[PDB]
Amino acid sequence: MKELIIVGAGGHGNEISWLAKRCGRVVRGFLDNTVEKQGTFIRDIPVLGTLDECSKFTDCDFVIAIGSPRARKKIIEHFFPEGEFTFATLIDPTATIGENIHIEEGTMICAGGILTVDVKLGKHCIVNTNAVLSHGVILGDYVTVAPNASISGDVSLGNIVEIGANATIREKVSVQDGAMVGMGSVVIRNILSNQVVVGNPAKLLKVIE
């Protein structure tokens, strides 16, 4: 396999370097814009430079190990023009990937995650630790599912959606592009574009855009 460059040397890049190692990948290093992180390491893996150095590593696969959906879209659209770069798909050895699971490139499926049957993910998705996607779930591009999220059958998550940790989504709910479900929310109604919903039962807090 190609060596891997991890974009983002924060909390998620920390866990994704761990994921990559468990997947048998060689991680060349991180790219990160943080001044203070230049010349630093996570567990023997160096921060190589800033994101505009990505063109020096076209031989590598990339992954954008940043939780914020909009951050991953912003980075892909600025630094990663269509067809110039390749992206890894990282699936933890302890994740369960069932039948007729379709996952597009750049996606991270973390330890203990379960995708049962007929689940479709777009590009640069995250399914974090111990989250569950039941039958017929569809994710767009740049979706973040946090640890322990409970995504019931036939839920649709649009592009740049974020589902917070240990939230629960009723079967057949649709969540439109750019929405955010707060950690622990219990969602029993469809969510409209860019809405932030929180609580039990989930209620509209604000729009994020």
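Sequential numbering from 1, following the sequence displayed.
- The mean Cα B-factor in the deposited entry runs higher for 76-84 than for the other of 116-124 and 76-84.
- Mean CA B-factor, 41-49 versus 61-69: the higher value falls on 41-49.
- In the PDB entry, the Cα temperature factor peaks, among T144, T168, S55, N148, at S55.
- Reading the B-factor column for the CA atoms of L192, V187, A9, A20 in the entry, the top value corresponds to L192.
- Residue-level temperature factors show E162 in the lowest third of its chain, judged at the C-alpha atom.
- Ranked by C-alpha B-factor against the other modelled residues of its chain, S152 falls in the lowest third.
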